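S.K.: Sending over data_11.csv (CSV, C-alpha atoms and all ligand atoms).
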```csv
chain,number,residue,atom,x,y,z
A,1048,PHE,CA,192.6,112.6,145.4
A,1049,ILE,CA,191.5,116.1,146.2
A,1050,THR,CA,193.9,118.6,147.8
A,1051,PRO,CA,194.2,122.4,148.0
A,1052,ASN,CA,197.8,122.5,146.7
A,1053,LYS,CA,199.1,120.5,149.7
A,1054,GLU,CA,201.5,117.5,149.4
A,1055,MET,CA,202.0,118.2,145.8
A,1056,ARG,CA,205.4,116.4,145.8
A,1057,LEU,CA,203.7,113.3,147.1
A,1058,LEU,CA,200.9,113.3,144.5
A,1059,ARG,CA,203.4,113.7,141.7
A,1060,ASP,CA,204.9,110.2,142.5
A,1061,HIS,CA,201.6,108.2,142.7
A,1062,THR,CA,199.4,109.8,140.0
A,1063,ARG,CA,199.8,110.6,136.3
A,1064,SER,CA,197.5,113.5,135.7
A,1065,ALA,CA,196.3,116.5,137.6
A,1066,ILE,CA,193.1,118.5,137.2
A,1067,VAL,CA,194.0,122.2,137.9
A,1068,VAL,CA,190.8,124.0,139.0
A,1069,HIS,CA,191.1,127.8,139.4
A,1070,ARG,CA,188.6,130.6,140.2
A,1071,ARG,CA,187.9,133.9,138.5
A,1072,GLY,CA,185.1,136.0,139.9
A,1073,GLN,CA,181.9,134.0,140.1
A,1074,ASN,CA,183.0,131.5,137.4
A,1075,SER,CA,185.2,128.4,137.8
A,1076,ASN,CA,187.3,126.6,135.2
A,1077,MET,CA,189.0,123.3,135.1
A,1078,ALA,CA,191.8,122.1,132.9
A,1079,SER,CA,193.2,118.5,132.8
A,1080,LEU,CA,196.9,118.0,132.2
A,1081,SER,CA,199.7,115.5,132.7
A,1082,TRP,CA,202.4,116.1,135.3
A,1083,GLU,CA,205.0,116.5,132.6
A,1084,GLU,CA,203.0,119.1,130.7
A,1085,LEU,CA,202.6,121.1,133.9
A,1086,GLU,CA,206.4,120.7,134.3
A,1087,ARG,CA,206.8,122.3,130.9
A,1088,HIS,CA,204.5,125.1,132.0
A,1089,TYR,CA,206.5,125.7,135.1
A,1090,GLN,CA,209.7,125.8,133.0
A,1091,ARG,CA,208.1,128.6,130.9
A,1092,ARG,CA,207.3,130.4,134.2
A,1093,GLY,CA,210.9,129.9,135.1
A,1094,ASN,CA,212.0,132.4,132.5
A,1095,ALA,CA,210.4,135.2,134.7
B,40,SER,CA,133.6,110.1,185.5
B,41,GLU,CA,136.8,109.5,183.6
B,42,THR,CA,139.6,112.1,183.4
B,43,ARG,CA,139.1,114.9,180.9
B,44,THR,CA,141.8,117.3,179.5
B,45,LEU,CA,141.8,120.7,181.2
B,46,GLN,CA,139.2,123.0,179.7
B,47,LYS,CA,141.7,125.7,178.9
B,48,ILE,CA,144.0,123.3,177.1
B,49,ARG,CA,141.2,121.9,175.1
B,50,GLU,CA,140.1,125.5,174.1
B,51,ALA,CA,143.7,126.3,173.2
B,52,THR,CA,144.1,123.2,171.0
B,53,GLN,CA,140.8,123.7,169.2
B,54,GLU,CA,141.7,127.4,168.6
B,55,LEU,CA,145.1,126.4,167.4
B,56,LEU,CA,143.7,123.9,164.9
B,57,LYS,CA,141.0,126.2,163.7
B,58,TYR,CA,143.1,129.3,163.0
B,59,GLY,CA,146.6,127.6,162.7
B,60,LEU,CA,148.3,129.9,165.3
B,61,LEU,CA,148.1,131.7,168.6
B,62,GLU,CA,149.6,135.0,169.5
B,63,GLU,CA,150.4,136.7,172.8
B,64,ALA,CA,149.5,140.0,171.1
B,65,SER,CA,145.8,139.1,170.7
B,66,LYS,CA,145.2,135.9,172.9
B,67,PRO,CA,147.4,136.1,176.0
B,68,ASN,CA,145.4,133.7,178.2
B,69,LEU,CA,145.6,130.8,175.8
B,70,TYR,CA,149.1,131.5,174.6
B,71,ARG,CA,150.6,131.6,178.1
B,72,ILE,CA,148.7,128.4,179.1
B,73,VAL,CA,150.1,126.5,176.1
B,74,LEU,CA,153.6,127.5,176.9
B,75,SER,CA,153.1,126.4,180.5
B,76,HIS,CA,151.9,123.0,179.3
B,77,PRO,CA,154.0,122.1,176.2
B,78,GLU,CA,154.0,118.4,176.9
B,79,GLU,CA,150.2,118.3,177.0
B,80,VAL,CA,149.7,120.0,173.7
B,81,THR,CA,152.4,118.1,172.0
B,82,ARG,CA,150.9,114.9,173.3
B,83,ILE,CA,147.5,115.9,172.1
B,84,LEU,CA,148.7,116.7,168.6
B,85,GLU,CA,151.1,113.9,168.0
B,86,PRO,CA,148.4,111.3,167.1
B,87,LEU,CA,147.4,113.5,164.2
B,88,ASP,CA,151.0,114.0,162.9
B,89,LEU,CA,150.8,117.7,164.0
B,90,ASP,CA,153.2,119.5,166.2
B,91,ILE,CA,153.5,123.1,167.5
B,92,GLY,CA,156.6,125.2,166.6
B,93,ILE,CA,157.0,128.0,169.0
B,94,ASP,CA,158.7,131.4,168.3
B,95,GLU,CA,159.3,133.0,171.7
B,96,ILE,CA,160.9,136.1,170.3
B,97,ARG,CA,157.9,137.2,168.3
B,98,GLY,CA,155.3,135.7,170.7
B,99,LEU,CA,153.8,133.1,168.3
B,100,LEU,CA,152.7,129.5,168.1
B,101,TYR,CA,151.9,127.8,164.9
B,102,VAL,CA,151.1,124.2,163.8
B,103,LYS,CA,153.4,122.3,161.5
B,104,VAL,CA,153.5,118.8,160.0
B,105,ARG,CA,155.1,116.3,162.4
B,106,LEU,CA,155.9,113.7,159.8
B,107,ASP,CA,158.9,111.4,160.0
B,108,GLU,CA,162.5,112.6,160.0
B,109,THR,CA,163.5,112.8,156.3
B,110,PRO,CA,162.0,109.4,155.4
B,111,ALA,CA,162.3,107.9,151.9
B,112,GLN,CA,159.8,110.6,150.9
B,113,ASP,CA,161.7,113.8,150.0
B,114,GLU,CA,158.6,115.9,150.4
B,115,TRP,CA,155.9,115.5,153.0
B,116,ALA,CA,152.2,114.7,152.3
B,117,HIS,CA,149.5,115.0,154.9
B,118,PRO,CA,145.8,114.1,154.7
B,119,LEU,CA,144.4,117.1,156.6
B,120,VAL,CA,146.9,119.8,155.5
B,121,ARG,CA,145.7,120.6,152.0
B,122,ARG,CA,148.4,122.4,150.1
B,123,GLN,CA,147.8,125.6,148.1
B,124,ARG,CA,149.5,127.7,145.4
B,125,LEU,CA,148.7,131.4,145.8
B,126,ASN,CA,147.8,133.1,142.5
B,127,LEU,CA,150.2,135.6,141.0
B,128,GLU,CA,148.8,138.8,142.7
B,129,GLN,CA,148.7,137.1,146.1
B,130,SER,CA,152.3,136.0,145.6
B,131,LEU,CA,153.3,139.6,144.8
B,132,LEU,CA,151.5,141.0,147.8
B,133,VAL,CA,153.0,138.5,150.1
B,134,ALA,CA,156.5,139.2,148.8
B,135,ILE,CA,156.0,143.0,149.3
B,136,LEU,CA,154.7,142.5,152.8
B,137,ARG,CA,157.6,140.1,153.6
B,138,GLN,CA,160.2,142.5,152.5
B,139,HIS,CA,158.6,145.3,154.4
B,140,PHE,CA,158.6,143.1,157.5
B,141,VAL,CA,162.2,142.2,157.1
B,142,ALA,CA,163.3,145.8,156.4
B,143,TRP,CA,161.5,147.0,159.5
B,144,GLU,CA,163.0,144.2,161.6
B,145,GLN,CA,166.5,145.2,160.4
B,146,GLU,CA,166.1,148.5,162.2
B,147,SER,CA,163.9,148.0,165.3
B,148,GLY,CA,165.2,144.5,165.9
B,149,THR,CA,163.7,141.0,165.8
B,150,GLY,CA,160.2,140.9,167.2
B,151,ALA,CA,159.8,144.7,167.4
B,152,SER,CA,156.2,146.0,167.2
B,153,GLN,CA,155.5,146.3,163.5
B,154,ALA,CA,154.8,149.8,162.3
B,155,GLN,CA,151.3,150.4,160.9
B,156,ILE,CA,151.4,150.8,157.1
B,157,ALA,CA,148.8,152.7,155.2
B,158,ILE,CA,146.8,151.3,152.3
B,159,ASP,CA,147.9,154.3,150.1
B,160,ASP,CA,151.5,153.2,150.5
B,161,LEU,CA,151.0,149.7,148.9
B,162,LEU,CA,149.1,150.7,145.7
B,163,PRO,CA,152.0,152.5,144.2
B,164,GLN,CA,154.1,149.4,144.8
B,165,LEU,CA,151.6,146.9,143.3
B,166,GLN,CA,151.4,149.3,140.4
B,167,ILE,CA,155.1,148.6,139.7
B,168,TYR,CA,154.1,145.0,138.7
B,169,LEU,CA,150.4,145.2,137.7
B,170,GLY,CA,150.1,148.6,136.0
B,171,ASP,CA,146.9,150.5,136.2
B,172,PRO,CA,143.7,148.3,135.9
B,173,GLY,CA,141.7,151.3,134.9
B,174,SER,CA,140.6,153.3,137.9
B,175,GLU,CA,141.3,153.9,141.6
B,176,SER,CA,138.0,152.4,142.5
B,177,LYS,CA,139.2,149.2,140.9
B,178,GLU,CA,142.8,149.0,142.3
B,179,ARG,CA,141.8,149.9,145.8
B,180,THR,CA,139.0,147.3,145.7
B,181,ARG,CA,141.5,144.7,144.5
B,182,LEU,CA,144.0,145.5,147.2
B,183,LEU,CA,141.3,145.3,149.8
B,184,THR,CA,140.0,141.9,148.7
B,185,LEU,CA,143.6,140.7,148.5
B,186,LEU,CA,144.3,141.8,152.1
B,187,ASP,CA,141.1,140.2,153.2
B,188,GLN,CA,142.1,136.9,151.5
B,189,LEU,CA,145.5,137.1,153.2
B,190,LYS,CA,144.0,137.7,156.6
B,191,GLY,CA,142.4,134.2,156.2
B,192,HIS,CA,145.9,132.7,156.3
B,193,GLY,CA,146.8,135.0,159.1
B,194,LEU,CA,149.5,137.1,157.5
B,195,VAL,CA,147.8,140.5,158.0
B,196,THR,CA,145.3,142.2,160.2
B,197,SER,CA,142.1,143.7,158.9
B,198,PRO,CA,142.3,147.3,157.8
B,199,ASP,CA,141.6,149.5,160.9
B,200,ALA,CA,139.3,152.5,160.9
B,201,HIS,CA,142.0,154.7,159.3
B,202,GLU,CA,143.0,152.2,156.6
B,203,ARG,CA,146.2,150.9,158.0
B,204,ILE,CA,147.2,147.3,158.4
B,205,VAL,CA,149.8,145.5,160.6
B,206,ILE,CA,152.0,142.6,159.4
B,207,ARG,CA,151.5,139.5,161.6
B,208,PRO,CA,154.5,137.5,162.9
B,209,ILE,CA,153.5,134.4,161.0
B,210,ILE,CA,154.9,135.9,157.8
B,211,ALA,CA,158.4,135.2,158.9
B,212,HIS,CA,157.8,131.4,158.9
B,213,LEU,CA,156.6,131.0,155.3
B,214,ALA,CA,157.7,127.7,153.6
B,215,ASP,CA,160.2,129.1,151.1
B,216,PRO,CA,160.9,132.8,151.5
B,217,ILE,CA,163.6,132.5,148.8
B,218,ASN,CA,160.9,132.1,146.2
B,219,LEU,CA,159.4,135.5,147.0
B,220,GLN,CA,162.7,137.3,146.6
B,221,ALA,CA,163.4,135.5,143.3
B,222,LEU,CA,160.0,136.1,141.6
B,223,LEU,CA,159.8,139.7,142.9
B,224,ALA,CA,163.3,140.6,141.6
B,225,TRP,CA,162.6,138.8,138.3
B,226,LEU,CA,159.4,140.8,137.6
B,227,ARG,CA,161.1,144.0,138.6
B,228,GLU,CA,163.9,143.3,136.2
B,229,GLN,CA,161.3,142.5,133.5
B,230,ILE,CA,159.6,145.8,133.9
B,231,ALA,CA,162.9,147.7,134.0
B,232,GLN,CA,164.0,145.9,130.8
B,233,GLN,CA,160.7,146.6,129.0
B,234,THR,CA,160.8,150.3,129.9
C,1,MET,CA,204.6,101.4,139.8
C,2,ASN,CA,203.0,100.2,136.5
C,3,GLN,CA,203.5,96.6,137.6
C,4,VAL,CA,200.6,97.1,139.9
C,5,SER,CA,198.7,99.5,137.5
C,6,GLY,CA,197.8,96.5,135.3
C,7,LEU,CA,194.8,95.8,137.6
C,8,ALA,CA,193.2,99.1,136.5
C,9,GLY,CA,191.3,99.0,133.3
C,10,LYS,CA,191.6,95.2,133.1
C,11,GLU,CA,189.4,93.9,136.0
C,12,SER,CA,187.3,96.8,137.1
C,13,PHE,CA,185.5,99.9,135.8
C,14,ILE,CA,187.6,103.0,136.2
C,15,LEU,CA,186.1,106.5,136.2
C,16,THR,CA,187.7,108.2,133.2
C,17,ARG,CA,185.6,111.3,132.6
C,18,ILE,CA,183.3,113.8,134.4
C,19,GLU,CA,181.3,116.4,132.5
C,20,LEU,CA,179.4,119.3,134.0
C,21,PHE,CA,176.9,121.8,132.7
C,22,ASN,CA,175.9,124.8,134.8
C,23,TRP,CA,176.8,122.8,137.9
C,24,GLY,CA,177.7,125.0,140.8
C,25,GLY,CA,180.2,127.6,139.6
C,26,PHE,CA,180.9,125.8,136.3
C,27,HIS,CA,179.0,127.9,133.8
C,28,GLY,CA,178.6,126.4,130.3
C,29,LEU,CA,180.0,123.0,129.6
C,30,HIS,CA,183.2,121.6,131.2
C,31,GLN,CA,185.0,118.2,131.4
C,32,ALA,CA,187.9,116.7,133.3
C,33,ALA,CA,189.9,113.7,132.0
C,34,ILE,CA,190.8,111.1,134.6
C,35,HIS,CA,193.9,109.1,133.9
C,36,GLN,CA,193.3,105.4,134.5
C,37,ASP,CA,196.5,105.2,136.6
C,38,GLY,CA,195.2,107.7,139.3
C,39,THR,CA,194.5,111.4,139.2
C,40,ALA,CA,195.0,114.3,141.6
C,41,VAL,CA,192.8,117.4,141.8
C,42,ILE,CA,194.5,120.6,142.9
C,43,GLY,CA,193.6,124.2,143.1
C,44,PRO,CA,193.5,127.1,145.7
C,45,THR,CA,190.9,127.4,148.4
C,46,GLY,CA,187.4,128.0,147.1
C,47,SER,CA,188.0,127.0,143.5
C,48,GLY,CA,185.3,124.3,143.0
C,49,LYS,CA,187.1,121.0,143.7
C,50,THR,CA,184.4,119.8,146.1
D,350,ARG,CA,112.6,127.7,153.5
D,351,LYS,CA,116.0,128.9,154.6
D,352,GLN,CA,115.4,128.5,158.3
D,353,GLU,CA,117.7,126.4,160.3
D,354,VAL,CA,116.4,123.2,161.9
D,355,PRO,CA,117.6,121.7,165.2
D,356,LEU,CA,119.0,118.5,163.8
D,357,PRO,CA,122.3,117.3,165.4
D,358,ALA,CA,125.8,117.5,164.0
D,359,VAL,CA,126.9,114.0,162.9
D,360,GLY,CA,129.7,113.2,160.5
D,361,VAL,CA,131.5,116.3,161.5
D,362,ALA,CA,134.5,116.5,159.2
D,363,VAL,CA,137.6,118.3,160.3
D,364,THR,CA,139.9,119.2,157.4
D,365,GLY,CA,141.9,122.0,155.9
D,366,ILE,CA,144.0,122.7,159.0
D,367,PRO,CA,145.8,126.0,158.1
D,368,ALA,CA,149.4,125.0,158.5
D,369,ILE,CA,151.5,127.9,157.3
D,370,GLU,CA,153.9,125.4,155.6
D,371,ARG,CA,151.2,124.3,153.2
D,372,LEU,CA,151.5,127.6,151.1
D,373,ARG,CA,153.4,127.6,147.8
D,374,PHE,CA,154.0,130.7,145.7
D,375,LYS,CA,153.1,131.4,142.1
D,376,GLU,CA,155.3,129.7,139.4
D,377,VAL,CA,155.3,132.4,136.8
D,378,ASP,CA,156.8,130.8,133.7
D,379,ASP,CA,159.5,132.3,131.4
D,380,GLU,CA,159.4,131.7,127.6
D,381,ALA,CA,161.6,134.5,126.2
D,382,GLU,CA,164.6,132.6,125.0
D,383,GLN,CA,166.9,129.6,125.5
D,384,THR,CA,170.5,129.2,126.8
D,385,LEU,CA,172.0,127.2,124.0
D,386,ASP,CA,175.6,128.2,124.6
D,387,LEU,CA,177.8,125.2,125.4
D,388,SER,CA,181.1,126.4,124.0
D,389,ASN,CA,184.2,124.5,125.1
D,390,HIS,CA,185.4,127.3,127.4
D,391,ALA,CA,188.9,127.4,126.0
D,392,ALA,CA,189.7,130.3,128.2
D,393,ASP,CA,190.7,127.7,130.8
D,394,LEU,CA,194.4,128.0,129.8
D,395,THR,CA,196.6,127.9,132.9
D,396,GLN,CA,197.5,131.3,134.4
D,397,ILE,CA,197.8,130.9,138.2
D,398,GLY,CA,199.6,132.9,140.9
D,399,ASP,CA,203.2,132.3,141.7
E,1101,LIG,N1,175.7,125.5,146.8
E,1101,LIG,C1,176.6,126.4,147.5
E,1101,LIG,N2,176.5,126.8,148.7
E,1101,LIG,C2,177.3,127.6,149.3
E,1101,LIG,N3,178.4,128.0,148.7
E,1101,LIG,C3,178.6,127.6,147.4
E,1101,LIG,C4,177.8,126.8,146.8
E,1101,LIG,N4,178.2,126.6,145.5
E,1101,LIG,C5,179.3,127.2,145.3
E,1101,LIG,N5,179.6,127.8,146.5
E,1101,LIG,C6,180.8,128.6,146.3
E,1101,LIG,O1,181.6,128.0,145.4
E,1101,LIG,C7,182.7,127.2,146.1
E,1101,LIG,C8,182.2,125.8,146.4
E,1101,LIG,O2,183.1,125.2,147.3
E,1101,LIG,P1,184.5,124.6,146.8
E,1101,LIG,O3,185.3,125.7,146.2
E,1101,LIG,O4,184.2,123.5,145.7
E,1101,LIG,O5,185.3,123.9,148.0
E,1101,LIG,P2,186.9,123.6,147.8
E,1101,LIG,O6,187.8,124.7,148.4
E,1101,LIG,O7,187.3,122.3,148.6
E,1101,LIG,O8,187.2,123.4,146.4
E,1101,LIG,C9,183.0,127.9,147.1
E,1101,LIG,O9,183.9,129.0,146.8
E,1101,LIG,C10,181.7,128.5,147.6
E,1101,LIG,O10,181.9,129.7,148.1
```
Please express what this file holds, its structure, as structure tokens.
Ligand SMILES: Nc1ncnc2c1ncn2[C@@H]1O[C@H](COP(=O)(O)OP(=O)(O)O)[C@@H](O)[C@H]1O
M.R.:
Amino acid sequence: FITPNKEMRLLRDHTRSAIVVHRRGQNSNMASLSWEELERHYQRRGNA
Amino acid sequence: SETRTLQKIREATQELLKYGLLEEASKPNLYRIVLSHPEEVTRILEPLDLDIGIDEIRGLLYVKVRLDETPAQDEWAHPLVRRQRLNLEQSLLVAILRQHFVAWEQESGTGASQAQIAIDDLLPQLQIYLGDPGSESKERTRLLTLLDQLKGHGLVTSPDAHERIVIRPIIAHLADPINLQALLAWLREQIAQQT
Amino acid sequence: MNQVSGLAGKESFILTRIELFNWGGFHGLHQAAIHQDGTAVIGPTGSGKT
Amino acid sequence: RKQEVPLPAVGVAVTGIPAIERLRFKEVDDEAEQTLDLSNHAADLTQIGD
């Protein structure tokens, strides 16, 4: 599935890995992660 | 005896095939007649896989290949229309003329009467990419022969009595204008890097 | 969910990797791993998903 | 012996119709270097807006 950050809660329950693609200037980068690793990342963000 | 195509339409079609374009600027009688009978000219050209594209804004008609709508062939091939690749100098000159034409249109508007440009103005610009071949008598002669070669394709008029040319409308409809920009900028960057 | 996931990887070919090189906005070499159980692609507008 | 005789025109070939599309521009080649870089692009670590 492709989605611009919509229905994230729904994808989380029927897929096991996400491909986070983000933009910086003219270049684009993609990083593949599991939902749980991204959860750990969000928990680190939670200390802010 | 049998019906014959109207003399004026036959003349217009033969002219259009010979030179590849008509212009209200220099051939009003035929150009207007063609626009008043588009279905006749398009019927005449369709058996040959040719078809007129019309540019009402700039007052121009030009032939183009009428081949099938994006068939299995990704690029068209036609028996009569023999393709060409302009040599390097011709490409540079066409790119310079094209950017001059676009820059002028940006100000006076699309289809505005092109301003006459002097020969002296172009040699400094060709020098930017070709250097000095050895003398003015050589560079001016080269520029003149290049302009005469281009006039064959219809991109520029002949130098008038005072050594100024005018850019023809047909330059706007080149096959891939993006190529001119790319090569021109690339060579400019090359010279700027080497200097 | 996994009771149905047994079909994937067993019966049919599953896309498990895509690799790009100077494709679109992806300069250099890149690669995305596709989980055999279904993958989502997320990112803000105009980030290269399409 | 370079006069022009009044013989007819037969086998009149019509070719080279000057369609403006038929022109292609010069393909000046570049040979300075090569773009060997295919690093992993490890800068992709997640840092995205809130
Ligand atoms: N070939 C192209 N033509 C037009 N724009 C392009 C092209 N390639 C890249 N772009 C740019 O790069 C991105 C390509 O679209 P994309 O980001 O993949 O859509 P989406 O938002 O669904 O991910 C856009 O930001 C676009 O501006």
S.K.: If the cut-off is 8 Å, can you tell me the residues of chain B near chain D, counting all atoms listed in the file? I'd like them as a PyMOL selection string.
M.R.: chain B and resi 56-59+101-104+119-127+130+192+209+212-215+218-219+222
S.K.: Only C-alpha atoms, please: the residues just picked out, written as a short mmCIF file (atom, residue, chain, number, x, y, z; two decimals), in the frame of the given file.
M.R.:
```
data_model
loop_
_atom_site.label_atom_id
_atom_site.label_comp_id
_atom_site.auth_asym_id
_atom_site.auth_seq_id
_atom_site.Cartn_x
_atom_site.Cartn_y
_atom_site.Cartn_z
CA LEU B 56 143.70 123.90 164.90
CA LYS B 57 141.00 126.20 163.70
CA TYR B 58 143.10 129.30 163.00
CA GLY B 59 146.60 127.60 162.70
CA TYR B 101 151.90 127.80 164.90
CA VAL B 102 151.10 124.20 163.80
CA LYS B 103 153.40 122.30 161.50
CA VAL B 104 153.50 118.80 160.00
CA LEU B 119 144.40 117.10 156.60
CA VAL B 120 146.90 119.80 155.50
CA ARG B 121 145.70 120.60 152.00
CA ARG B 122 148.40 122.40 150.10
CA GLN B 123 147.80 125.60 148.10
CA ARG B 124 149.50 127.70 145.40
CA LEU B 125 148.70 131.40 145.80
CA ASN B 126 147.80 133.10 142.50
CA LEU B 127 150.20 135.60 141.00
CA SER B 130 152.30 136.00 145.60
CA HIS B 192 145.90 132.70 156.30
CA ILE B 209 153.50 134.40 161.00
CA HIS B 212 157.80 131.40 158.90
CA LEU B 213 156.60 131.00 155.30
CA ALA B 214 157.70 127.70 153.60
CA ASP B 215 160.20 129.10 151.10
CA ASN B 218 160.90 132.10 146.20
CA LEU B 219 159.40 135.50 147.00
CA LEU B 222 160.00 136.10 141.60
#
```
S.K.: Near chain D, meaning an atom within 10 Å, which residues of chain C appear when counting all atoms listed in the file? Write them as a ChimeraX atom specification.
M.R.: /C:21-22,27-31,43-44
S.K.: May I ask for the distance between CA of residue 44 (chain B) and CA of residue 79 (chain B), given in Å to one decimal place?
M.R.: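 One can read the CA of residue 44 (chain B) to CA of residue 79 (chain B) distance as 8.8 Å.
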S.K.: Which value, in Å to one decimal, gives the distance between CA of residue 156 (chain B) and CA of residue 202 (chain B)?
M.R.: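 Between these atoms lies a distance of 8.5 Å.
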S.K.: Using Å and a single decimal, report how far CA of residue 195 (chain B) sits from CA of residue 83 (chain B).
M.R.: 28.4 Å
S.K.: What residues have any atom no more than 9 Å from ligand LIG 1101 (chain E) when counting all atoms listed in the file, and can you list them as a JSON list (two decimals) with C-alpha atoms, keeping the file's coordinate frame?
M.R.:
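Saved the output as selection_11.json:
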```json
[["chain", "number", "residue", "atom", "x", "y", "z"],
["A", 1049, "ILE", "CA", 191.50, 116.10, 146.20],
["A", 1050, "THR", "CA", 193.90, 118.60, 147.80],
["A", 1051, "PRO", "CA", 194.20, 122.40, 148.00],
["A", 1068, "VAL", "CA", 190.80, 124.00, 139.00],
["A", 1070, "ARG", "CA", 188.60, 130.60, 140.20],
["A", 1073, "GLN", "CA", 181.90, 134.00, 140.10],
["A", 1074, "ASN", "CA", 183.00, 131.50, 137.40],
["A", 1075, "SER", "CA", 185.20, 128.40, 137.80],
["C", 23, "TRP", "CA", 176.80, 122.80, 137.90],
["C", 24, "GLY", "CA", 177.70, 125.00, 140.80],
["C", 25, "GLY", "CA", 180.20, 127.60, 139.60],
["C", 42, "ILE", "CA", 194.50, 120.60, 142.90],
["C", 43, "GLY", "CA", 193.60, 124.20, 143.10],
["C", 44, "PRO", "CA", 193.50, 127.10, 145.70],
["C", 45, "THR", "CA", 190.90, 127.40, 148.40],
["C", 46, "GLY", "CA", 187.40, 128.00, 147.10],
["C", 47, "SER", "CA", 188.00, 127.00, 143.50],
["C", 48, "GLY", "CA", 185.30, 124.30, 143.00],
["C", 49, "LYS", "CA", 187.10, 121.00, 143.70],
["C", 50, "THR", "CA", 184.40, 119.80, 146.10]]
```
S.K.: Would you give me, as a VMD selection string, the residues of chain A that come within 9 Å of chain C, using only C-alpha atoms?
M.R.: chain A and resid 1048 to 1053 1055 1058 to 1059 1061 to 1071 1073 to 1081
S.K.: Residues near residue 220 (chain B), anyone? I mean within 9 Å using only C-alpha atoms, not counting same-chain ones fewer than 5 positions away, as a VMD selection string.
M.R.: chain B and resid 134 138 225
S.K.: May I have the selected residues written with C-alpha atoms, as a compact mmCIF listing (two decimals), in the frame of the given file?
M.R.:
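Saved as part.txt:
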```txt
# COMPACT_ATOMS: atom_id res chain seq x y z
CA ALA B 134 156.50 139.20 148.80
CA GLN B 138 160.20 142.50 152.50
CA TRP B 225 162.60 138.80 138.30
```
S.K.: Determine the nearest neighbour of chain A from the options D:351, D:361, D:382, D:399, counting only C-alpha atoms.
M.R.: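 Nearest to chain A: D:399.
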S.K.: Just add N, CA and C atoms to region 375-387 of chain D and send it as a PDB file, in the coordinates of the input.
M.R.:
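Result saved to selection-v7.pdb:
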```
ATOM      1  N   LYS D 375     153.465 131.488 143.521  1.00  0.00           N
ATOM      2  CA  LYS D 375     153.100 131.400 142.100  1.00  0.00           C
ATOM      3  C   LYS D 375     154.346 131.060 141.271  1.00  0.00           C
ATOM      4  N   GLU D 376     154.193 130.137 140.324  1.00  0.00           N
ATOM      5  CA  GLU D 376     155.300 129.700 139.400  1.00  0.00           C
ATOM      6  C   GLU D 376     155.054 130.414 138.078  1.00  0.00           C
ATOM      7  N   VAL D 377     155.458 131.679 137.994  1.00  0.00           N
ATOM      8  CA  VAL D 377     155.300 132.400 136.800  1.00  0.00           C
ATOM      9  C   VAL D 377     156.364 131.931 135.771  1.00  0.00           C
ATOM     10  N   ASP D 378     155.923 131.494 134.596  1.00  0.00           N
ATOM     11  CA  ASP D 378     156.800 130.800 133.700  1.00  0.00           C
ATOM     12  C   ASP D 378     157.504 131.860 132.753  1.00  0.00           C
ATOM     13  N   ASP D 379     158.700 131.504 132.294  1.00  0.00           N
ATOM     14  CA  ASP D 379     159.500 132.300 131.400  1.00  0.00           C
ATOM     15  C   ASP D 379     159.631 131.600 130.051  1.00  0.00           C
ATOM     16  N   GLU D 380     159.400 132.326 128.955  1.00  0.00           N
ATOM     17  CA  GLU D 380     159.400 131.700 127.600  1.00  0.00           C
ATOM     18  C   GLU D 380     160.150 132.634 126.612  1.00  0.00           C
ATOM     19  N   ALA D 381     160.984 133.568 127.071  1.00  0.00           N
ATOM     20  CA  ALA D 381     161.600 134.500 126.200  1.00  0.00           C
ATOM     21  C   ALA D 381     162.596 133.869 125.223  1.00  0.00           C
ATOM     22  N   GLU D 382     163.509 133.065 125.763  1.00  0.00           N
ATOM     23  CA  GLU D 382     164.600 132.600 125.000  1.00  0.00           C
ATOM     24  C   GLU D 382     165.117 131.252 125.576  1.00  0.00           C
ATOM     25  N   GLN D 383     166.245 130.777 125.051  1.00  0.00           N
ATOM     26  CA  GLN D 383     166.900 129.600 125.500  1.00  0.00           C
ATOM     27  C   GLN D 383     168.389 129.792 125.633  1.00  0.00           C
ATOM     28  N   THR D 384     169.021 129.105 126.585  1.00  0.00           N
ATOM     29  CA  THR D 384     170.500 129.200 126.800  1.00  0.00           C
ATOM     30  C   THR D 384     171.206 128.088 126.106  1.00  0.00           C
ATOM     31  N   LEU D 385     171.368 128.260 124.794  1.00  0.00           N
ATOM     32  CA  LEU D 385     172.000 127.200 124.000  1.00  0.00           C
ATOM     33  C   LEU D 385     173.458 127.089 124.144  1.00  0.00           C
ATOM     34  N   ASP D 386     174.119 128.127 124.650  1.00  0.00           N
ATOM     35  CA  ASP D 386     175.600 128.200 124.600  1.00  0.00           C
ATOM     36  C   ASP D 386     176.171 127.016 125.412  1.00  0.00           C
ATOM     37  N   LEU D 387     176.987 126.212 124.738  1.00  0.00           N
ATOM     38  CA  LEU D 387     177.800 125.200 125.400  1.00  0.00           C
ATOM     39  C   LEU D 387     179.172 125.115 124.772  1.00  0.00           C
TER      40      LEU D 387
END
```
